[PDB]
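Data first, discussion second: the structure below is written as structure tokens.
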Amino acid sequence: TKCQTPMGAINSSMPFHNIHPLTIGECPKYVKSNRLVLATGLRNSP
Amino acid sequence: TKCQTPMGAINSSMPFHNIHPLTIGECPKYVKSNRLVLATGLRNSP
Amino acid sequence: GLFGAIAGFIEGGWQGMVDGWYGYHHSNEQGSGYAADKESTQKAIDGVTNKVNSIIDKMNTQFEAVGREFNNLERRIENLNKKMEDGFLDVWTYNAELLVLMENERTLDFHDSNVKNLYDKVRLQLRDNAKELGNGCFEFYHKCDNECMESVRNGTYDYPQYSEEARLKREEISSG
Amino acid sequence: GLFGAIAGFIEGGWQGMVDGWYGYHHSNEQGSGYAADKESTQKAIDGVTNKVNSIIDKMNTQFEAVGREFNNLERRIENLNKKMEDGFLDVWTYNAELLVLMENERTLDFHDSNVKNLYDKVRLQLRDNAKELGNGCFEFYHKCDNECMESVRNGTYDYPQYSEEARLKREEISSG
Amino acid sequence: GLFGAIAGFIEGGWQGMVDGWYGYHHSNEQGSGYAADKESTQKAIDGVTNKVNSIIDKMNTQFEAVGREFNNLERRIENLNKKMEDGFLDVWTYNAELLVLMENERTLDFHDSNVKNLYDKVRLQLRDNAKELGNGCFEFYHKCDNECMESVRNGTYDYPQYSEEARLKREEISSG
Amino acid sequence: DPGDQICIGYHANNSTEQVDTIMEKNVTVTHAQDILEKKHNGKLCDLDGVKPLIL
Amino acid sequence: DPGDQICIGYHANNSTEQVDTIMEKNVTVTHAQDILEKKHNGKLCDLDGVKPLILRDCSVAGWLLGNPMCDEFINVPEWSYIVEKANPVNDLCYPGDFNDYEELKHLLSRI
Amino acid sequence: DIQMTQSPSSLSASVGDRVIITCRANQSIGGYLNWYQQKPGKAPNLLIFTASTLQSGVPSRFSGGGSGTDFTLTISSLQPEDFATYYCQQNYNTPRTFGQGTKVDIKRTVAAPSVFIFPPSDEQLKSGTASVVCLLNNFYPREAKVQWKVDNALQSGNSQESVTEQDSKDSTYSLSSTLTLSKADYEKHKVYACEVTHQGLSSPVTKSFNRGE
Amino acid sequence: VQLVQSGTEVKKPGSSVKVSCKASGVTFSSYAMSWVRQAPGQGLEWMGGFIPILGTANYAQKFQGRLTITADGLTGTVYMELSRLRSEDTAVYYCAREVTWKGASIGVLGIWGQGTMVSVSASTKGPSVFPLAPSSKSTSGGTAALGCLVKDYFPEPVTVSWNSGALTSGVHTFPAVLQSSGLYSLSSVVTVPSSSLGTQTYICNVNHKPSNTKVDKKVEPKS
Ligand SMILES: *[C@@H]1O[C@H](CO)[C@@H](O[C@@H]2O[C@H](CO)[C@@H](O)[C@H](O)[C@H]2NC(C)=O)[C@H](O)[C@H]1NC(C)=O
Ligand SMILES: *[C@@H]1O[C@H](CO)[C@@H](O[C@@H]2O[C@H](CO)[C@@H](O)[C@H](O)[C@H]2NC(C)=O)[C@H](O)[C@H]1NC(C)=O
Ligand SMILES: *[C@@H]1O[C@H](CO)[C@@H](O)[C@H](O)[C@H]1NC(C)=O
Ligand SMILES: *[C@@H]1O[C@H](CO)[C@@H](O)[C@H](O)[C@H]1NC(C)=O
Ligand SMILES: *[C@@H]1O[C@H](CO)[C@@H](O)[C@H](O)[C@H]1NC(C)=O
Ligand SMILES: *[C@@H]1O[C@H](CO)[C@@H](O)[C@H](O)[C@H]1NC(C)=O
């Protein structure tokens, strides 16, 4: 793996992760969030 | 000079500077930016 | 929306348009069909792309926690280290969530502005050569073929060309 | 922009208007020339000035890094001191950069709104007494001298005064 | 504001409307009175309430300062502890003030947008059946009773029903 | 006679991805993009091929 | 016949100044204002008319203890700030340790 | 799709000249055009995007303009660094289309080629193959017409040409046409000829050889 | 930032090639990418693209069903996968970032890679050097034309030197040509004086490292 945490590795393919603050390697920046979604399209009509 | 850094004096009528984090005297605030420009006018037509 | 186009006077979107975020649906004697607009689509995709590259790149200096260990007689500094690490993590978590929430609101309003601007772009082109139906459509006071439809879409519609034909139709309708 | 006025239905700015940000260009039998607006410019100037002060002054009470020294057997706290000082420097740099980028977008759209609102201020004053050309210009249906021009620019245009003359011209154009 | 409705072409607000943030004033043969859209007010109230909730407890864990004591020969760490706690307090104070300042700007512009959206909602429903007076009021070309007023207020105005009657009046006014 | 028409509209699809704003929660958008990772393999792998020292 | 006309426009100066936004970079604007200083004179100057204490090849310990190579600093005048090299050659001519040396230097930052 | 056609296909100029390259299309692309410069053995470098705006680092001598279907890339003062191939690309339609390619070439006096023919070697004539090589040496301009004739009969498809790039000293080219036949086809004919039609040749120079020599 | 691609690939017919396009640094990027191929000595050809903010990959007609443009999330890394490879797929494959000094630019390729060369043939084959002897039946004063014919080799490249690097004047080593078989063939002629036909011997050194084929053919004034 390229990023390792005390609970397991992570595919370092996203800017953020919320697994564990103590990381070694090419790791995403750590946040305590449970969800982080960027709206890129427009408001979808039901 | 009015403000001194381990690399040189900064006069800096500007509120921010990026020469060195350690300063003494009446000194502006230190940031790590390479550029900080505030738009005040409007979009200049070519 | 802030600008009142998305879910506003244009009550619903178009499932039939799959090749672009914004576009036109025309209806004339030669038929009907969806078609996407290039100008707003190009600007939006680059605009949203730059917004993503701004939220996602301006975090490389985020606080990277480092494991430090202290003995039983260093509880003060160990507690100081713990509160220092948690504080920075909380600061960046607040920074990350708030930036996403605000930029999500601006992104939806950005799309709303693009639709309204595109509608006003068509509106100011036809002027009184068509009738504003109020539902996101312009009812031409003259014949508008496929070439006429495309001329509207790329900012070339010649108002004087069809002005006289539209004037005759307008006077017929007004007279009763 | 968001409101579609700057670089929108008004395709370009005027190099001939140097004494203001927003203004008018008239053209009647007595000549032509530029004339800047007053209310919009002062409020815009006051708005940006207040905005610049906020970014400049509210960003005070930052982190003032203070040099601290540690010996060979104090590496843990020395690393702690370095990570703490660097972390605050990263946080305020992020805050300073984000503020400028977001405010510049709002500043640019704030000017866009002022142009659009000024255009609608003229549009709603003239109503049908003039014709919306669609490029930021209005064509009067009645004679408008320099005194008439000044009434529109300062919000005191008299619609009923020229209403009868404008109605006579509207019926003539519609009749061909 | 940004959208130019509040303190814009609608010069002032109304003290007679107490049951809602936005609404209408009608004046017909049966009398005059105030009312509310009942939609924009609900959407705004929920949107404003959500914003206020999203600011109140979004900090999650704003830095809670903890008192720590250091002896005479621990001045370096003591100054380090003082700088750390003061640094976090300033960061969160900046976040609190800036969030309130920026969301206050959006909230007022949000109210401005709703008024203009409501104004467009009535302008697009009537189309040519009324005359836009340029100060937030519309003068009908046909008779509009109380039930007709309620149709406009709740988005169910029947344009073709009064279209013929309005066309007769528009013809009379334009003819003189 | 009903004349020819041109209409202005925006995209719509069958996406169910949702986002949150300041004034509104659970807004469905045509295109969204997660930026957060929430999965781990539960192991202790090599770091770029170098085997860790597991005491 | 073409009648009288009035137009609404905006300013357009001759400035090549550029700024950045969230959704766009390098936007040319009519008026901008830098708020960042990036130039320094490269010297060490007096702090409001007070000359700093520049230790040169001597260290703080050698200055205080009276290293014979530091005769320049036997009686220093009032200073504004102390300048010390990272590793001065003249620190402890006789090898040894300076107890609580870092704590003393912290006190010296207020003298 | 939107086919993009460039004009000219290969021009020749010298330092200080004004170079104009016109790129067309079979549909109006509304100012969505870009210009690229490719130097030999290097990745293309962007010069102009949106048909007018210069990319960072591009000298002011490079200029662009146009709208709709006709476009123009202009170099005011050609320097000894702009000699390369220039491509025009559209960014209007999803199937992105490139231009054919215009190669600005150093101008010099016309030089006639030095035609040489080469019968196949006997070592190669031992494994059922026979290659005949015609060499055109140090000519200008690049355009040339090498026609292979076997027993006074024109050939086609059985040839393959390879041209060099302009020499840094004489600024001339060199072409090599290779006729590949099997032993069976080579030994059933006697006269093998190579006809070269070049600007510097008043008449098509023909160098021939016979099988026994 | 810079774009880095994979190394040169020598593939066998009908196989698949995956070429990576990474950026330099730990930075995360959502810029739209484009893959453009260029046949040897031919023009540029757009193969496809990938817009990360849209989550979609656009392909060309002649590549649809054979091409797969993916990305490693937001790391700035994109991949291309061409299947059912043929000799006509031999080209230099480029990846370009759609970005300008104005930021994201969905149409214009601002930052390019270095290119990845792909070669397709059944197996590696050493060259066959055959002398281009000077048939001095004419052009006596017109110096003298002689050279070597390097025929039926794969893959590229082959280095052709003359007289162990001594004879370098007039050496015209032509670029290779992709024959119908899928092998390459190149000729390296050199113009030397006719009077020097006897005194100075002329030998060409041909080296094909991908096959350990080293040839020193002496081009005598053969009959
Ligand atoms: C909007 O208000 C009108 C008026 O209240 C509603 O419709 C009419 O209501 C009157 C009496 O209240 C009835 O006599 C009519 O038969 C009703 N129908 C119509 C078509 O006028 C109308 O329903 C309201 N809006 C909605 C969406 O229901
Ligand atoms: C905005 O434009 C400026 C000037 O054109 C760019 O600054 C330089 O751009 C060149 C070419 O891209 C680089 O080689 C330099 O390193 C840049 N200097 C600095 C200080 O950035 C700038 O990059 C542009 N902004 C972008 C591309 O986002
Ligand atoms: C990485 O992605 C794969 C998808 O093949 C997934 O199975 C795996 O769980 C991911 N990594 C981690 C650490 O979860
Ligand atoms: C301010 O400092 C800079 C950097 O030393 C210098 O170039 C500039 O001249 C100074 N300003 C004045 C007014 O001297
Ligand atoms: C342009 O040329 C291409 C290729 O010949 C063709 O497929 C396409 O239909 C043409 N487009 C137009 C508008 O003529
Ligand atoms: C706009 O459309 C017209 C009609 O299709 C076409 O002739 C023209 O080239 C297009 N582009 C421009 C820039 O006018």
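Convention: chains lettered A, B, ... in structure tokens order; per-chain residue numbering from 1; ligands numbered from 1 as shown.
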Quiz item: Counting only C-alpha atoms and all ligand atoms, what residues are within 7 Å of ligand 6, given as a PyMOL selection string?
Solution: (chain C and resi 147+150-151+154-156) or (chain H and resi 28-31+67-69)
Residues just named, written with N, CA and C atoms as a compact mmCIF listing (two decimals), in the first residue's frame:
```txt
# COMPACT_ATOMS: atom_id res chain seq x y z
N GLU C 147 -32.31 26.70 -39.98
CA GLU C 147 -31.24 27.70 -40.06
C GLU C 147 -31.54 28.89 -39.15
N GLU C 150 -30.78 27.83 -35.47
CA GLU C 150 -29.36 27.81 -35.15
C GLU C 150 -28.78 29.21 -35.05
N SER C 151 -29.29 30.15 -35.85
CA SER C 151 -28.80 31.52 -35.78
C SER C 151 -29.08 32.14 -34.41
N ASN C 154 -26.30 30.84 -31.71
CA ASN C 154 -24.92 31.30 -31.74
C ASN C 154 -24.84 32.82 -31.91
N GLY C 155 -25.80 33.53 -31.32
CA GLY C 155 -25.72 34.98 -31.20
C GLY C 155 -25.63 35.73 -32.51
N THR C 156 -26.32 35.25 -33.54
CA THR C 156 -26.25 35.85 -34.86
C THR C 156 -27.61 36.23 -35.41
N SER H 28 -19.03 25.86 -38.81
CA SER H 28 -18.63 27.03 -38.04
C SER H 28 -18.39 26.65 -36.58
N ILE H 29 -17.21 26.99 -36.07
CA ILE H 29 -16.80 26.61 -34.72
C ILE H 29 -16.69 27.81 -33.80
N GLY H 30 -17.22 28.97 -34.20
CA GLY H 30 -17.45 30.08 -33.30
C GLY H 30 -16.31 30.51 -32.40
N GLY H 31 -15.11 30.65 -32.95
CA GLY H 31 -13.98 31.10 -32.17
C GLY H 31 -13.36 30.06 -31.28
N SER H 67 -12.83 33.91 -37.07
CA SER H 67 -14.10 33.54 -36.45
C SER H 67 -14.93 32.78 -37.47
N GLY H 68 -15.64 31.75 -37.00
CA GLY H 68 -16.50 30.97 -37.87
C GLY H 68 -15.82 29.77 -38.49
N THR H 69 -15.39 29.91 -39.74
CA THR H 69 -14.78 28.80 -40.48
C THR H 69 -13.38 29.10 -41.00
```
Exercise. Show me which residues sit within 10 Å of ligand 2 when counting only C-alpha atoms and all ligand atoms, and put them as a VMD selection string.
Key: (chain B and resid 34 to 35) or (chain C and resid 50) or (chain G and resid 18 to 20 24 to 27) or (chain H and resid 55 to 58) or (chain I and resid 1 99 to 104 110 to 111)
Can you write out the residues you just picked, keeping N, CA and C atoms, as a compact mmCIF listing (two decimals), in the first residue's frame?
```txt
# COMPACT_ATOMS: atom_id res chain seq x y z
N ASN B 34 2.50 33.29 -2.02
CA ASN B 34 3.37 33.96 -2.98
C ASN B 34 2.69 35.13 -3.67
N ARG B 35 1.40 35.35 -3.42
CA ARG B 35 0.64 36.40 -4.08
C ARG B 35 -0.65 36.62 -3.30
N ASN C 50 -12.50 24.42 -11.93
CA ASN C 50 -11.60 25.27 -11.14
C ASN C 50 -12.04 25.34 -9.69
N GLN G 18 -4.18 41.78 -12.64
CA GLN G 18 -4.95 40.54 -12.66
C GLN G 18 -5.14 40.02 -11.24
N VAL G 19 -6.23 39.30 -11.04
CA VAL G 19 -6.60 38.71 -9.76
C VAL G 19 -7.08 37.29 -10.00
N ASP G 20 -7.42 36.60 -8.91
CA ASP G 20 -7.90 35.23 -8.97
C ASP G 20 -9.23 35.12 -8.24
N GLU G 24 -12.26 31.06 -11.43
CA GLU G 24 -11.48 31.59 -12.54
C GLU G 24 -10.17 32.15 -12.02
N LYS G 25 -9.12 32.03 -12.84
CA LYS G 25 -7.79 32.49 -12.50
C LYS G 25 -7.33 33.53 -13.52
N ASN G 26 -6.46 34.43 -13.07
CA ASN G 26 -5.84 35.45 -13.92
C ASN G 26 -6.91 36.28 -14.65
N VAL G 27 -7.72 36.97 -13.86
CA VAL G 27 -8.79 37.82 -14.38
C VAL G 27 -8.30 39.27 -14.37
N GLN H 55 -0.87 31.74 -25.20
CA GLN H 55 -0.49 31.01 -24.00
C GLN H 55 0.76 31.62 -23.39
N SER H 56 0.90 31.46 -22.07
CA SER H 56 2.04 32.03 -21.37
C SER H 56 3.36 31.52 -21.94
N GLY H 57 4.31 32.45 -22.13
CA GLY H 57 5.61 32.13 -22.68
C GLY H 57 5.71 32.25 -24.18
N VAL H 58 4.61 32.49 -24.88
CA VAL H 58 4.63 32.59 -26.34
C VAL H 58 5.05 34.01 -26.72
N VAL I 1 3.64 22.22 -12.71
CA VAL I 1 3.42 20.78 -12.73
C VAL I 1 3.86 20.21 -14.07
N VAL I 99 -5.71 22.75 -19.69
CA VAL I 99 -5.52 23.83 -18.74
C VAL I 99 -4.70 24.93 -19.41
N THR I 100 -5.01 26.18 -19.06
CA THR I 100 -4.26 27.33 -19.54
C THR I 100 -3.84 28.21 -18.37
N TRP I 101 -3.32 29.40 -18.65
CA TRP I 101 -3.08 30.35 -17.57
C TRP I 101 -4.38 30.92 -17.00
N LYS I 102 -5.50 30.71 -17.68
CA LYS I 102 -6.81 31.13 -17.20
C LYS I 102 -7.47 30.09 -16.31
N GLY I 103 -6.81 28.96 -16.06
CA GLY I 103 -7.39 27.90 -15.25
C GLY I 103 -7.80 26.71 -16.09
N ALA I 104 -8.88 26.05 -15.70
CA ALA I 104 -9.39 24.93 -16.48
C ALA I 104 -9.88 25.42 -17.84
N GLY I 110 -3.05 22.37 -22.87
CA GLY I 110 -1.97 23.26 -22.50
C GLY I 110 -0.68 22.58 -22.07
N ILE I 111 -0.79 21.59 -21.19
CA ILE I 111 0.36 20.87 -20.66
C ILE I 111 0.36 19.47 -21.25
```
Exercise. Compute the post-superposition RMSD of the C-alpha atoms of chain B relative to chain A, with atoms paired in order and the fit done by least squares.
Key: 0.5 Å
Write as a compact mmCIF listing (two decimals) with N, CA and C atoms, in the first residue's frame the residues around ligand 4, taking 10 Å as the cut-off and counting only C-alpha atoms and all ligand atoms.
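File pocket_31.txt, as written:
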```txt
# COMPACT_ATOMS: atom_id res chain seq x y z
N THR B 1 15.08 50.96 10.62
CA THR B 1 13.87 50.31 10.14
C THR B 1 12.86 50.22 11.28
N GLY B 8 16.10 40.35 6.57
CA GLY B 8 16.21 41.76 6.24
C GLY B 8 15.06 42.54 6.81
N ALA B 9 15.15 43.85 6.66
CA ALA B 9 14.09 44.74 7.13
C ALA B 9 12.95 44.79 6.12
N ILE B 10 11.73 44.93 6.64
CA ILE B 10 10.55 45.09 5.80
C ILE B 10 9.80 46.33 6.26
N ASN B 11 9.57 47.26 5.33
CA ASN B 11 8.80 48.47 5.59
C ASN B 11 7.30 48.23 5.49
N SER B 12 6.84 47.73 4.34
CA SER B 12 5.57 47.00 4.23
C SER B 12 4.39 47.78 4.81
N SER B 13 4.03 48.86 4.12
CA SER B 13 2.75 49.50 4.40
C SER B 13 1.57 48.56 4.21
N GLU G 37 3.61 42.03 1.08
CA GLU G 37 4.96 42.55 0.91
C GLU G 37 5.92 41.40 0.62
N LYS G 38 6.79 41.59 -0.37
CA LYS G 38 7.67 40.52 -0.83
C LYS G 38 9.12 40.95 -0.96
N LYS G 39 9.48 42.16 -0.55
CA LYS G 39 10.82 42.68 -0.73
C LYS G 39 11.43 43.06 0.61
N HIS G 40 12.72 42.77 0.77
CA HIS G 40 13.48 43.15 1.95
C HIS G 40 14.86 43.63 1.52
N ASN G 41 15.45 44.51 2.34
CA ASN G 41 16.72 45.14 1.99
C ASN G 41 17.93 44.26 2.30
N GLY G 42 17.75 43.13 2.97
CA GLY G 42 18.83 42.19 3.18
C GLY G 42 19.83 42.57 4.25
N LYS G 43 19.57 43.63 5.01
CA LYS G 43 20.48 44.09 6.06
C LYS G 43 19.85 43.90 7.43
```
Self-check item: Length of the atom CA of residue 70 of chain G to atom CA of residue 111 of chain G vector [Å]
Solution: 19.7 Å
Quiz item: If you run DSSP on the backbone, which residues of segment 98-142 of chain I are strand (DSSP E), as a VMD selection string?
Solution: chain I and resid 99 to 100 103 to 104 111 to 112 116 to 120 128 to 132
Take the residues from that selection and put them in a file with C-alpha atoms, as a JSON list (two decimals), in the first residue's frame.
```json
[["chain", "number", "residue", "atom", "x", "y", "z"],
["I", 99, "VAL", "CA", -5.52, 23.83, -18.74],
["I", 100, "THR", "CA", -4.26, 27.33, -19.54],
["I", 103, "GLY", "CA", -7.39, 27.90, -15.25],
["I", 104, "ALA", "CA", -9.39, 24.93, -16.48],
["I", 111, "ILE", "CA", 0.36, 20.87, -20.66],
["I", 112, "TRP", "CA", 1.60, 17.80, -22.53],
["I", 116, "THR", "CA", 4.91, 6.74, -25.02],
["I", 117, "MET", "CA", 6.01, 4.78, -28.09],
["I", 118, "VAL", "CA", 4.14, 1.53, -28.77],
["I", 119, "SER", "CA", 5.47, -1.13, -31.15],
["I", 120, "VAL", "CA", 3.52, -4.17, -32.33],
["I", 128, "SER", "CA", 19.96, -8.13, -42.15],
["I", 129, "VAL", "CA", 22.64, -5.75, -43.44],
["I", 130, "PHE", "CA", 23.21, -5.84, -47.20],
["I", 131, "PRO", "CA", 25.82, -3.67, -48.95],
["I", 132, "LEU", "CA", 24.79, -0.87, -51.29]]
```
Quiz item: Counting only C-alpha atoms and all ligand atoms, what residues are within 9 Å of ligand 5, given as number ranges by chain?
Solution: H: 1-4, 25-28
Exercise. Run DSSP on the backbone and give me the residues of segment 4-149 of chain C it puts in alpha helix (DSSP H), as a VMD selection string.
Key: chain C and resid 38 to 57 75 to 126 146 to 149
Just want the residues within 12 Å of ligand 3, written as a compact mmCIF listing (two decimals) with N, CA and C atoms, in the first residue's frame, counting only C-alpha atoms and all ligand atoms.
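Contents of the output file out37.txt:
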```
# COMPACT_ATOMS: atom_id res chain seq x y z
N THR A 1 0.84 -1.19 0.00
CA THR A 1 0.00 0.00 0.00
C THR A 1 0.88 1.24 0.00
N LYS A 2 0.26 2.37 -0.34
CA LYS A 2 0.95 3.65 -0.35
C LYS A 2 0.64 4.49 0.88
N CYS A 3 -0.49 4.25 1.54
CA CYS A 3 -0.85 4.94 2.77
C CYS A 3 -1.32 3.91 3.80
N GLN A 4 -0.81 4.03 5.03
CA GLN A 4 -1.11 3.07 6.08
C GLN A 4 -1.54 3.79 7.35
N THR A 5 -2.56 3.25 8.01
CA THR A 5 -3.11 3.74 9.26
C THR A 5 -3.17 2.59 10.25
N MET A 7 -5.47 1.21 11.65
CA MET A 7 -6.61 0.32 11.42
C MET A 7 -6.58 -0.34 10.05
N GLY A 8 -5.77 0.15 9.13
CA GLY A 8 -5.68 -0.43 7.80
C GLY A 8 -5.25 0.61 6.79
N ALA A 9 -4.90 0.12 5.61
CA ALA A 9 -4.47 0.98 4.52
C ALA A 9 -5.68 1.65 3.87
N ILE A 10 -5.40 2.62 3.00
CA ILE A 10 -6.44 3.34 2.25
C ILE A 10 -5.98 3.52 0.81
N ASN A 11 -6.89 3.33 -0.14
CA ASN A 11 -6.63 3.75 -1.51
C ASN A 11 -6.55 5.27 -1.52
N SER A 12 -5.35 5.82 -1.69
CA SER A 12 -5.16 7.28 -1.64
C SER A 12 -5.57 7.90 -2.97
N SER A 13 -6.87 7.84 -3.25
CA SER A 13 -7.42 8.36 -4.49
C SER A 13 -8.34 9.56 -4.29
N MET A 14 -8.57 9.98 -3.05
CA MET A 14 -9.43 11.12 -2.75
C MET A 14 -8.66 12.09 -1.87
N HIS A 17 -9.80 11.77 3.96
CA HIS A 17 -10.19 10.50 4.57
C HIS A 17 -10.51 10.76 6.03
N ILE A 19 -10.37 7.98 8.44
CA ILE A 19 -10.11 6.70 9.09
C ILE A 19 -9.37 6.90 10.41
N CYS A 27 -0.69 10.08 2.00
CA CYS A 27 -2.01 9.92 2.58
C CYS A 27 -2.89 11.14 2.33
N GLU F 37 -12.81 9.50 1.81
CA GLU F 37 -12.58 8.06 1.82
C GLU F 37 -12.91 7.50 3.19
N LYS F 38 -13.66 6.39 3.20
CA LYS F 38 -14.23 5.84 4.42
C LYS F 38 -14.00 4.34 4.55
N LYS F 39 -13.02 3.79 3.83
CA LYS F 39 -12.77 2.36 3.82
C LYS F 39 -11.30 2.08 4.08
N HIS F 40 -11.04 0.97 4.77
CA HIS F 40 -9.69 0.49 5.00
C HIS F 40 -9.68 -1.03 4.93
N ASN F 41 -8.54 -1.59 4.51
CA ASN F 41 -8.44 -3.02 4.28
C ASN F 41 -8.26 -3.83 5.56
N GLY F 42 -7.97 -3.18 6.68
CA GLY F 42 -7.83 -3.87 7.95
C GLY F 42 -6.52 -4.59 8.16
N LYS F 43 -5.56 -4.42 7.26
CA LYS F 43 -4.27 -5.09 7.35
C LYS F 43 -3.17 -4.07 7.64
N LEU F 44 -1.93 -4.55 7.67
CA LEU F 44 -0.73 -3.72 7.77
C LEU F 44 0.19 -4.12 6.62
N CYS F 45 0.03 -3.45 5.49
CA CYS F 45 0.78 -3.79 4.29
C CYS F 45 2.13 -3.09 4.27
N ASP I 72 -7.43 7.41 -11.73
CA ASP I 72 -7.25 6.98 -10.34
C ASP I 72 -7.83 8.03 -9.40
N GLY I 73 -9.16 8.16 -9.46
CA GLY I 73 -9.86 9.12 -8.63
C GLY I 73 -9.48 10.55 -8.94
```
Quiz item: When you draw a straight line from atom CA of residue 66 of chain D to atom CA of residue 21 of chain A, how long is it in Å?
Solution: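 Computing the Euclidean distance for atom CA of residue 66 of chain D and atom CA of residue 21 of chain A yields 27.1 Å.
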Quiz item: Near segment 121-128 of chain C, within 6 Å and counting only C-alpha atoms, which residues show up once chain neighbours fewer than 3 positions away are dropped, as a count of residues only?
Solution: 3
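Separating atom CA of residue 186 of chain H from atom CA of residue 151 of chain I is a distance of 17.4 Å.
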Quiz item: Within 8 Å of chain D, which residues of chain B show up when using only C-alpha atoms, listed as an NGL selection string?
Solution: :B and (15 or 21-23 or 29-33 or 36-46)
Exercise. Residues of chain C near chain F: apply a cut-off of 8 Å, count only C-alpha atoms, and supply the list as a PyMOL selection string.
Key: chain C and resi 6+10+13-18+20-29+101-102+104-105+115+118-119+136-144+149
For chain G versus chain E, which residues have an atom no more than 10 Å away, and what is each residue's nearest atom pair and distance in Å rounded to one decimal, using only C-alpha atoms, chain-then-number order, as JSON lines?
```
{"residue": "G:100", "atom": "CA", "partner": "E:73", "partner_atom": "CA", "distance": 8.2}
{"residue": "G:102", "atom": "CA", "partner": "E:76", "partner_atom": "CA", "distance": 8.2}
{"residue": "G:103", "atom": "CA", "partner": "E:73", "partner_atom": "CA", "distance": 6.7}
{"residue": "G:104", "atom": "CA", "partner": "E:73", "partner_atom": "CA", "distance": 9.2}
{"residue": "G:105", "atom": "CA", "partner": "E:76", "partner_atom": "CA", "distance": 9.6}
{"residue": "G:106", "atom": "CA", "partner": "E:76", "partner_atom": "CA", "distance": 6.6}
{"residue": "G:107", "atom": "CA", "partner": "E:75", "partner_atom": "CA", "distance": 8.3}
```
Please produce a file of those selected residues containing N, CA and C atoms, as a compact mmCIF listing (two decimals), in the first residue's frame.
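See out-v9.txt below for the written result:
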```txt
# COMPACT_ATOMS: atom_id res chain seq x y z
N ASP G 100 20.55 24.86 32.14
CA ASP G 100 19.34 25.63 31.83
C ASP G 100 19.65 26.78 30.88
N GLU G 102 18.81 27.20 27.71
CA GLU G 102 17.65 27.65 26.95
C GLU G 102 16.73 28.52 27.80
N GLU G 103 16.59 28.19 29.08
CA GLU G 103 15.76 29.01 29.96
C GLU G 103 16.35 30.41 30.14
N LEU G 104 17.68 30.50 30.23
CA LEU G 104 18.32 31.81 30.33
C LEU G 104 18.11 32.63 29.06
N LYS G 105 18.18 31.98 27.89
CA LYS G 105 17.96 32.69 26.64
C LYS G 105 16.53 33.19 26.52
N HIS G 106 15.56 32.45 27.08
CA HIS G 106 14.19 32.92 27.10
C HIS G 106 14.06 34.19 27.95
N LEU G 107 14.75 34.23 29.09
CA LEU G 107 14.76 35.43 29.91
C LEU G 107 15.42 36.59 29.18
```
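Neighbouring residues of residue 157 of chain H at 12 Å or closer, counting only C-alpha atoms and skipping chain neighbours under 5 positions away, are residues 147, 148, 177, 178, 179, 180 and 181 of chain H; 179 and 180 of chain I.
The shell of residues at most 8 Å from residue 116 of chain C, with only C-alpha atoms counted and near chain neighbours (fewer than 5 positions) removed, consists of residues 3, 4 and 5 of chain C.
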